[PDB]
Amino acid sequence: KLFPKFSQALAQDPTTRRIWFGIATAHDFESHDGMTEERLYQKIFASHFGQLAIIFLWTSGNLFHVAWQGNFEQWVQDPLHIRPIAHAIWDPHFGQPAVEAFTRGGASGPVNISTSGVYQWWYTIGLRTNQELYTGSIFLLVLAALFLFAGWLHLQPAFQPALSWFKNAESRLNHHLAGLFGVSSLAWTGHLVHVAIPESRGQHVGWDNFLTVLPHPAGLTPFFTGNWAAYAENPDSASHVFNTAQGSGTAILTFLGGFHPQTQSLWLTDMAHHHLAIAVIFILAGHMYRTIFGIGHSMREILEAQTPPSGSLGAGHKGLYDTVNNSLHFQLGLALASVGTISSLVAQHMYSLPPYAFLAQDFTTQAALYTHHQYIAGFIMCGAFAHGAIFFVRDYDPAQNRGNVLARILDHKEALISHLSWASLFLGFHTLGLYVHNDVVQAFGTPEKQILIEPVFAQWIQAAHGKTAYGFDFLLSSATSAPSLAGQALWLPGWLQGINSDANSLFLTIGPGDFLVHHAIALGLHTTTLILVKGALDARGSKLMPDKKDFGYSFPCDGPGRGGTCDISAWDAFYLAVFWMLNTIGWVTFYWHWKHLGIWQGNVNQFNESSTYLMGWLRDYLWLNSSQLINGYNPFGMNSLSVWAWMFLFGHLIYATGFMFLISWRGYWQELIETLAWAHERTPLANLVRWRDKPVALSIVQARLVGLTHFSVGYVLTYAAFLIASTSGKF
Amino acid sequence: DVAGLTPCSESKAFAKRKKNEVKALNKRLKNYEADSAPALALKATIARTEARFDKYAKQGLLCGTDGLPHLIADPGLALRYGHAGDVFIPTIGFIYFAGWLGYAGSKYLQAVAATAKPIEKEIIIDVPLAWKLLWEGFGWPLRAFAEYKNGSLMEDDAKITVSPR
Amino acid sequence: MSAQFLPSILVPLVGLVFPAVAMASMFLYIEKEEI
Amino acid sequence: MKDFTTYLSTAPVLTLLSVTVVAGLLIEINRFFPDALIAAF
Amino acid sequence: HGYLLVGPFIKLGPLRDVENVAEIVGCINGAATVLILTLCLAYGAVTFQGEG
Amino acid sequence: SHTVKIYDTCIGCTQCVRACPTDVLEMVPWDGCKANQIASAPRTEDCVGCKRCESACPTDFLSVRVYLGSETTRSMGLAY
Amino acid sequence: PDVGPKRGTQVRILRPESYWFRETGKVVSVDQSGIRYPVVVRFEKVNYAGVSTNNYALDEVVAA
Amino acid sequence: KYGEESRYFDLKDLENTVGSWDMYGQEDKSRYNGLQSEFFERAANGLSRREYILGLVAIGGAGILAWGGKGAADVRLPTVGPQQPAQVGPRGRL
Amino acid sequence: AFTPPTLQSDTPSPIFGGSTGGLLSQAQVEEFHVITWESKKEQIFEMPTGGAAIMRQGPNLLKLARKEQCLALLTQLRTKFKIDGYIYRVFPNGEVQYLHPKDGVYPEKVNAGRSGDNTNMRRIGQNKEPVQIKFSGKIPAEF
Ligand code: CLA
Ligand code: CLA
Ligand code: CLA
Ligand code: CLA
Ligand code: CLA
Ligand SMILES: CC1=C(/C=C/C(C)=C\C=C\C(C)=C\C=C\C=C(C)\C=C\C=C(C)\C=C\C2=C(C)CCCC2(C)C)C(C)(C)CCC1
Ligand code: SF4
Ligand code: SF4
């Protein structure tokens, strides 16, 4: 009866809704009984330590499983003909053909073929042996234990920091930029130069001999005399072979750009140079704000001074420092927005500029990594907007935000929502109309009547990069231009060789189907932003419900009065926008996967004349690439793709089980549960036992969340199964 | 050649596509007698296909890797290379016609809003008034610009409902 | 793969023993009345 | 016929006749001017 | 109930087609008795912690 | 255990009291409106949260506001 | 003396929480007994509940 | 109850009016015969306490783990048997 | 002053055939409500639990699982029969609490002598902002 000790209101519920909401309100510390702000922030800090320990344990487990059951030794010697092994399989449900079908990469028993790209990353950063991976796993185990001890320690009242320490923004930014960002990047440069650079050239460097091996034959003296160009003397040749000393070099900070010819990945010396420059700039950035040494910035005064005259922004940024600092939800929204955008950047960059050795030959790994980071980015961006809506519901003070840009953007929120609606409506109308017109003219036997708008602007920017394929001869595509001549002895040769080659993903050739799918992506982003922005801006109140801020961020409705108030809270707007995020990321990853499937087969045409109409999308992509997937098991037997077929049907089942909660609502189920309670309360031989908690139907918000969770899980599992099966079974 | 595209008058794959379509229609032909109604229908379809392909080659459309016409949606890039009819001229045409329809509907709204029962006039449409305003909406751009310069096109924000933030 | 017996013990431990004990423990704790 | 013409002026009758005449005009435009991909003057 | 649960595992278990099905089914039923036993344990511990 | 509140915009039309299916609302004497009566909620422990009172309030915006809160065996409307 | 706007005049609602905020309404009656919201304002535009009249105070209503 | 006519409520006899009944439970001392009752209470003697009936589940889980240690292989089971060649893959891999 | 009427336990019940929607296990260990009304003739009404019942001449006694069922029966008696009634809350320990016509007259009619609680003297939009009551365990409207 006293299980939700954080919420005595929930503990007095004599139903199963008590435990259901006890699970789901456990991390809403602000809503907990007897919660001060000091205890809030200290709990936040300790939970952060727990999360860091969890992440470190997870990567240590990856290292230990690859070192213990993987084929890292065999993969290092033959990176292009050995399947990386994730972990061994011990499932007593396997029949004998399942045991044979899962024994693949030279292992003793059934194993899972890794698609996470940890093999390429660890091989690139200089890890060569299973002993090194085990040492890394043990070190991460110890450091996660240390972080757990720190989380315990800072909850103790002798070591609990003050609330003002948590809100010390200038110091936290200074140390994060200078130390967490800068010093870490400098240390990664040190690892790359000391370990990864020699291990890329067949020279083993470890803790036993890194103090007796010289990273550059002219040690430190060029660094200290300012002759820094001596660290970029002889780069690795185009004939260089990875992990061997054949045609290597001595330079540690090259600057050639492009890709390594053998690994089809970026130069490691380029990475060391990049990380060193990033470390310098981030340490400088961390020397910006004022702490205790009489120099630096007060960010409050910077926000005060950012008020343009003539009342263009009203009061400008009056009191935004306190608005951000007092609100944990504002900070969490900013952090989630930035982190989701960075995750999208990571997805968009690692496929086109492959960083790790022998990446972009493992086609399943690239597709899986891209789709993973894109889905993570979409979820995190929805979380950013949801926490912005929470900040409007909870932490927004109109008095201290009077005249500043927040009050201005809340003042004319109808214009923002209406213009997002106009943009989404235009994009949906036009993209769907062009697609349906193309479908109809394709069906009627007239492909020449298609509307194929050439993406001339994106092709123009591609030409500005040096892509001499559309004949613009603009900036970098003309060698006579000032940017072309400026770095022609710098990054221009390698970058131009990468940009003019059709064998990589460095800015692929685009056509009308790319135009149509880019407008589809624009429609998805616009509509998801419309739902999320409308939910945030209408979170405090609307015309249908003026006092919405009093009812909280999440609540079922306001009853059937005033015409009906279903899905009126900002939580419901986030709920509706998660579907649109899933649809948008589905479009993005469908586009990426079909384009790269055309590229990897050498048949760019299949996408070029099949993406302009939707029947080509359904038939030449969804229907065609699922043939090996659905034959993972059959009456004639089974093979290694059986797990992805089972996960395919599994995700379909979870998706429709989500539809169950999505369509049916709480009222039929409550009557059914009452009828079954009547049945059990007077069934003979079962009246001996009775429920401690009264069985009730799931609440409206709870079942909306459950249906959304099943929808997302089925979506993700289905697409992951299809993508990994259709790429790994084919390549 | 505006973006690596070749004109469909000289692109080989356009002629190949036209030949394939005509050959498929001839394969359809080679089953009926010469003067039957299906024969006349297929002959008309063939004539329409050849006319369409010859017109597309005549109008100066751009073909990509294969023989499919591509449209240019950049002013200047389509103006100086003679493809303003791809997007720009239909852009002007749609803007004019949509403005005509929208201005006619707007003027109907403001005409029936100042009547005895504006509620009834929107389900029971005054047909002569609608016809007159549809005719008057052909001068929509000049009327709209005049009302914008007069300030009578937009409404002051102090007379428009908003939510209580 | 060294120590092949260890998955054969650990997988039932985290699939049957630890989950059954955790589910029983949490079921006891959610209805502890007076913790 | 005042009530009959008022019924003809009702929103569904007028919108069905209007979409009918617009669709017929577009259909006869495509009948006499088929396969107009661009606005070539 | 223990004499009840033998039959489904005998005629239908994964090792139903081998001679030693009886012993393996006895083991399965011992495990089933143990898990139903801890179900009774948990029920009696949660519903009889006081008086009414 | 639902929070039901009455506000001074109430005109004393007694429609919220008539709409209540569990007898939560009642009319008490008042001097702030023409009808000389305002609504009151002395029995919010019997409130299920159906918001039928809100559906009957003619004041814009409504004067009988129901805030769903803690759930009991009577707020959940259980017969078992 | 009579208080509030005259009967039948044109008034604008200044209650930001009302449906007809900054809209057009006509005064039907103003009570002189001392009602907290004596001004009765009728609108041609109905709200979500379907009513077209509402009671307002004195400082949330300006004429014309 | 006092249901001699149509009166199904009584505050002095509120037990029967509420609906609390035995349905089928009846009180009787006679059921099981001699010696076997003592046999079974001796069989389930000290085990009646919650901690020892928990320890029975503990040794049951020990048996669950003993199957994995030595018991899965005694009934063969494909997850611990041997393997027969391998497959290459789509392209030149392993 | 007003005094509540006593719940006369030995009161006849309406003629009924027995339903499945009646009392359950909640009545024994939490609560069951009861409604009493005076009928002027033998006539058929509708049960809140489903089915038709005949209430008899004079006093009629009916116990129901929830108060909402009692008020549904009372309002259908008041509309389709013009019959008033009394509802009582009966605890299993024996204590009986009077319920709906608490002060004699119906709640939709004023009585002059009631408690006017939960009546705020402000408007809807005059509640406090949630940031000004942050970390309090109360909604803005109960300040
Ligand atoms: C130089 C001193 C210093 C350093 C090193 C740190 C370091 C850290 N602090 Mg701390 N802090 C400091 C000073 C410092 N702090 C001071 C002075 C204060 C008081 C004003 C605080 C107050 C404070 C609070 C309140 C909290 C922290 C927290 C944290 C942790 C952040 C979470 C994390 O690990 O993500 C790691 C971040 C990065 C790795 C940056 C990466 C940049 C982007 C996101 C990724 C891109 C990089 C690259 C492309 C990825 C490639 C890797 C891939 C190959 C695997 C982190 C270890 C949080 C915490 O977790 O609690 C323990 C937290 O709650 N700090
Ligand atoms: C740094 C990330 C971060 C952090 C710290 C928070 C923190 C918080 N969030 Mg938030 N959120 C985030 C990201 C984050 N969020 C993201 C990315 C999203 C988009 C999905 C959301 C969307 C969101 C919403 C809509 C809400 C919150 C809420 C909250 C607050 C309470 C949390 C809670 O409800 O209890 C604990 C939360 C849980 C126990 C999550 C439930 C479990 C999920 C739904 C099911 C997972 C099933 C799993 C995937 C199945 C495996 C599949 C396999 C079996 C096949 C809390 C302060 C709530 C709030 O503010 O209260 C008003 C609120 O309603 N968040
Ligand atoms: C594929 C999605 C899906 C699934 C699985 C279900 C499943 C179910 N629905 Mg449902 N429904 C759905 C979609 C779905 N629905 C949608 C989209 C709607 C909207 C129109 C509805 C609307 C609806 C209504 C109105 C009703 C149901 C009812 C039911 C239940 C019927 C009882 C039954 O089938 O017996 C058996 C259960 C199953 C077949 C489900 C799968 C169980 C598997 C096959 C076996 C279990 C083994 C398990 C996985 C092992 C445990 C592993 C452990 C680790 C957890 C059942 C659980 C009815 C009900 O309440 O019960 C009568 C009811 O009236 N549904
Ligand atoms: C002639 C009436 C009329 C006019 C002038 C407008 C004008 C406008 N609408 Mg609107 N709209 C209308 C009717 C109209 N609408 C109708 C009937 C609907 C219901 C389907 C909508 C639904 C709608 C939505 C959901 C949105 C707009 C939006 C907008 C604005 C963006 C531009 C646009 O074209 O969006 C697109 C307009 C449409 C998709 C609807 C067009 C429907 C037809 C073609 C118009 C009606 C013709 C009318 C019967 C002619 C009468 C002739 C007369 C002589 C009797 C704009 C000012 C957007 C906005 O808010 O921008 C900020 C927006 O989000 N409209
Ligand atoms: C979070 C990281 C993680 C994950 C997801 C897994 C997952 C898995 N491990 Mg593994 N393990 C890990 C870390 C991890 N491990 C680490 C760091 C070590 C070094 C000590 C090991 C050592 C190890 C061995 C020796 C074996 C496995 C095995 C397995 C497989 C079956 C589970 C099992 O029976 O072993 C149980 C796992 C452990 C006893 C240690 C795992 C402890 C992790 C770090 C807990 C992390 C929990 C997480 C942070 C929060 C989740 C909430 C949770 C506490 C409820 C399974 C796929 C077995 C296998 O190979 O299958 C074929 C096997 O025999 N693991
Ligand atoms: C709800 C809400 C929220 C949230 C929001 C969000 C979510 C936002 C966002 C957003 C985003 C997500 C954004 C993004 C961004 C970015 C940007 C805006 C940028 C930029 C810049 C530029 C201009 C660039 C340029 C360039 C290029 C183009 C490339 C190359 C280089 C250069 C530099 C040249 C908050 C909490 C706050 C508050 C409350 C409410
Ligand atoms: S929500 Fe329903 S039960 Fe509660 S006061 Fe309003 S009408 Fe009565
Ligand atoms: S319905 Fe509204 S206005 Fe009428 S008495 Fe109830 S609270 Fe007052």
# chains A, B, ... in the order shown; residues from 1 in each chain; ligands from 1
call {"tool": "residues_near_ligand", "arguments": {"ligand": "ligand 8", "cutoff": "10 Å", "atoms": "only C-alpha atoms and all ligand atoms", "output": "JSON, numbers by chain"}}
result
{"F": [5, 6, 7, 8, 9, 10, 11, 12, 13, 14, 15, 16, 17, 18, 19, 20, 25, 26, 27, 33, 35, 37, 38, 39, 40, 52, 53, 54, 55, 56, 57, 58, 59, 60, 61, 62, 63, 64, 65], "I": [108, 119]}
call {"tool": "residues_around", "arguments": {"residues": "residue 6 (chain E)", "least_positions_apart": "2", "cutoff": "12 Å", "atoms": "only C-alpha atoms", "output": "PyMOL selection string"}}
result
chain E and resi 1-4+8-13+16+21-33
call {"tool": "residues_around", "arguments": {"residues": "residue 24 (chain C)", "least_positions_apart": "2", "cutoff": "12 Å", "atoms": "only C-alpha atoms", "output": "list in words"}}
result
residues 16, 17, 18, 19, 20, 21, 22, 26, 27, 28, 29, 30 and 31 of chain C; 35, 36, 37, 38, 39, 40, 41, 42, 43, 45 and 46 of chain E; 54 and 57 of chain H
call {"tool": "select_by_dssp", "arguments": {"residues": "chain G", "states": "strand (DSSP E)", "output": "list in words"}}
result
residues 10, 11, 12, 13, 24, 25, 26, 27, 28, 29, 30, 39, 40, 41, 42, 53, 54, 55, 56, 61, 62 and 63 of chain G
call {"tool": "write_last_selection", "arguments": {"atoms": "N, CA and C atoms", "output": "PDB file, in the first residue's frame"}}
result
ATOM      1  N   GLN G  10     -22.328  49.307 -28.328  1.00  0.00           N
ATOM      2  CA  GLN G  10     -21.336  48.381 -28.852  1.00  0.00           C
ATOM      3  C   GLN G  10     -20.111  48.397 -27.948  1.00  0.00           C
ATOM      4  N   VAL G  11     -19.696  47.219 -27.479  1.00  0.00           N
ATOM      5  CA  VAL G  11     -18.623  47.115 -26.500  1.00  0.00           C
ATOM      6  C   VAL G  11     -17.622  46.049 -26.925  1.00  0.00           C
ATOM      7  N   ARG G  12     -16.394  46.200 -26.431  1.00  0.00           N
ATOM      8  CA  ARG G  12     -15.307  45.267 -26.686  1.00  0.00           C
ATOM      9  C   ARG G  12     -14.899  44.606 -25.378  1.00  0.00           C
ATOM     10  N   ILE G  13     -14.734  43.288 -25.408  1.00  0.00           N
ATOM     11  CA  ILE G  13     -14.422  42.519 -24.208  1.00  0.00           C
ATOM     12  C   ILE G  13     -12.922  42.561 -23.951  1.00  0.00           C
ATOM     13  N   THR G  24     -16.645  41.786 -30.740  1.00  0.00           N
ATOM     14  CA  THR G  24     -17.796  42.668 -30.873  1.00  0.00           C
ATOM     15  C   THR G  24     -18.968  42.097 -30.084  1.00  0.00           C
ATOM     16  N   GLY G  25     -19.510  42.893 -29.169  1.00  0.00           N
ATOM     17  CA  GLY G  25     -20.653  42.470 -28.385  1.00  0.00           C
ATOM     18  C   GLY G  25     -21.567  43.641 -28.098  1.00  0.00           C
ATOM     19  N   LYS G  26     -22.831  43.320 -27.840  1.00  0.00           N
ATOM     20  CA  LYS G  26     -23.859  44.319 -27.583  1.00  0.00           C
ATOM     21  C   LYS G  26     -24.377  44.170 -26.161  1.00  0.00           C
ATOM     22  N   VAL G  27     -24.480  45.293 -25.450  1.00  0.00           N
ATOM     23  CA  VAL G  27     -24.970  45.275 -24.078  1.00  0.00           C
ATOM     24  C   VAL G  27     -26.478  45.072 -24.082  1.00  0.00           C
ATOM     25  N   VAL G  28     -26.941  44.077 -23.332  1.00  0.00           N
ATOM     26  CA  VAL G  28     -28.363  43.781 -23.221  1.00  0.00           C
ATOM     27  C   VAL G  28     -28.966  44.387 -21.960  1.00  0.00           C
ATOM     28  N   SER G  29     -28.262  44.285 -20.834  1.00  0.00           N
ATOM     29  CA  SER G  29     -28.708  44.890 -19.588  1.00  0.00           C
ATOM     30  C   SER G  29     -27.514  45.028 -18.657  1.00  0.00           C
ATOM     31  N   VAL G  30     -27.566  46.043 -17.799  1.00  0.00           N
ATOM     32  CA  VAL G  30     -26.582  46.243 -16.739  1.00  0.00           C
ATOM     33  C   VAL G  30     -27.337  46.328 -15.422  1.00  0.00           C
ATOM     34  N   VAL G  39     -22.898  43.472 -16.319  1.00  0.00           N
ATOM     35  CA  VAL G  39     -23.070  43.763 -17.738  1.00  0.00           C
ATOM     36  C   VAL G  39     -23.371  42.465 -18.475  1.00  0.00           C
ATOM     37  N   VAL G  40     -24.505  42.426 -19.167  1.00  0.00           N
ATOM     38  CA  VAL G  40     -24.891  41.287 -19.991  1.00  0.00           C
ATOM     39  C   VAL G  40     -24.586  41.639 -21.439  1.00  0.00           C
ATOM     40  N   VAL G  41     -23.702  40.867 -22.065  1.00  0.00           N
ATOM     41  CA  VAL G  41     -23.227  41.139 -23.416  1.00  0.00           C
ATOM     42  C   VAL G  41     -23.618  39.972 -24.309  1.00  0.00           C
ATOM     43  N   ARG G  42     -24.292  40.276 -25.416  1.00  0.00           N
ATOM     44  CA  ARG G  42     -24.699  39.278 -26.391  1.00  0.00           C
ATOM     45  C   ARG G  42     -23.819  39.379 -27.627  1.00  0.00           C
ATOM     46  N   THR G  53     -24.294  34.598 -25.080  1.00  0.00           N
ATOM     47  CA  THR G  53     -24.362  35.687 -24.119  1.00  0.00           C
ATOM     48  C   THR G  53     -23.515  35.340 -22.902  1.00  0.00           C
ATOM     49  N   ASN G  54     -22.999  36.375 -22.244  1.00  0.00           N
ATOM     50  CA  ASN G  54     -22.148  36.184 -21.079  1.00  0.00           C
ATOM     51  C   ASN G  54     -22.176  37.444 -20.228  1.00  0.00           C
ATOM     52  N   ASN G  55     -21.812  37.280 -18.959  1.00  0.00           N
ATOM     53  CA  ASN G  55     -21.814  38.361 -17.982  1.00  0.00           C
ATOM     54  C   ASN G  55     -20.386  38.812 -17.718  1.00  0.00           C
ATOM     55  N   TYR G  56     -20.170  40.126 -17.719  1.00  0.00           N
ATOM     56  CA  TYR G  56     -18.849  40.693 -17.498  1.00  0.00           C
ATOM     57  C   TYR G  56     -18.930  41.820 -16.480  1.00  0.00           C
ATOM     58  N   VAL G  61     -14.636  45.800 -19.936  1.00  0.00           N
ATOM     59  CA  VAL G  61     -15.529  46.158 -21.034  1.00  0.00           C
ATOM     60  C   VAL G  61     -15.347  47.630 -21.386  1.00  0.00           C
ATOM     61  N   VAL G  62     -14.888  47.908 -22.607  1.00  0.00           N
ATOM     62  CA  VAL G  62     -14.840  49.267 -23.143  1.00  0.00           C
ATOM     63  C   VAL G  62     -15.808  49.374 -24.311  1.00  0.00           C
ATOM     64  N   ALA G  63     -16.399  50.555 -24.473  1.00  0.00           N
ATOM     65  CA  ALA G  63     -17.416  50.783 -25.486  1.00  0.00           C
ATOM     66  C   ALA G  63     -16.779  50.939 -26.865  1.00  0.00           C
TER      67      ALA G  63
END
call {"tool": "residues_near_ligand", "arguments": {"ligand": "ligand 2", "cutoff": "8 Å", "atoms": "only C-alpha atoms and all ligand atoms", "output": "PyMOL selection string"}}
result
chain A and resi 23-30+329+332+335-336+379-384+386-387+390+552-554+571+574-575+578+705-706+709-710+713-714+717
call {"tool": "interface_residues", "arguments": {"of": "chain I", "to": "chain B", "cutoff": "12 Å", "atoms": "only C-alpha atoms", "output": "PDB file with N, CA, C and O atoms, in the first residue's frame"}}
result
ATOM      1  N   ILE I 124     -11.513  32.398 -13.024  1.00  0.00           N
ATOM      2  CA  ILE I 124     -10.698  31.281 -13.498  1.00  0.00           C
ATOM      3  C   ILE I 124      -9.264  31.734 -13.742  1.00  0.00           C
ATOM      4  O   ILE I 124      -8.306  31.054 -13.353  1.00  0.00           O
ATOM      5  N   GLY I 125      -9.093  32.890 -14.377  1.00  0.00           N
ATOM      6  CA  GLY I 125      -7.785  33.395 -14.732  1.00  0.00           C
ATOM      7  C   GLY I 125      -7.038  34.112 -13.634  1.00  0.00           C
ATOM      8  O   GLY I 125      -5.964  34.662 -13.889  1.00  0.00           O
ATOM      9  N   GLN I 126      -7.570  34.128 -12.415  1.00  0.00           N
ATOM     10  CA  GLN I 126      -6.926  34.784 -11.287  1.00  0.00           C
ATOM     11  C   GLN I 126      -6.198  33.804 -10.373  1.00  0.00           C
ATOM     12  O   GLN I 126      -5.816  34.179  -9.261  1.00  0.00           O
TER      13      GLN I 126
END
call {"tool": "atom_distance", "arguments": {"atom1": "CA of residue 21 (chain F)", "atom2": "CA of residue 14 (chain I)"}}
result
22.7 Å
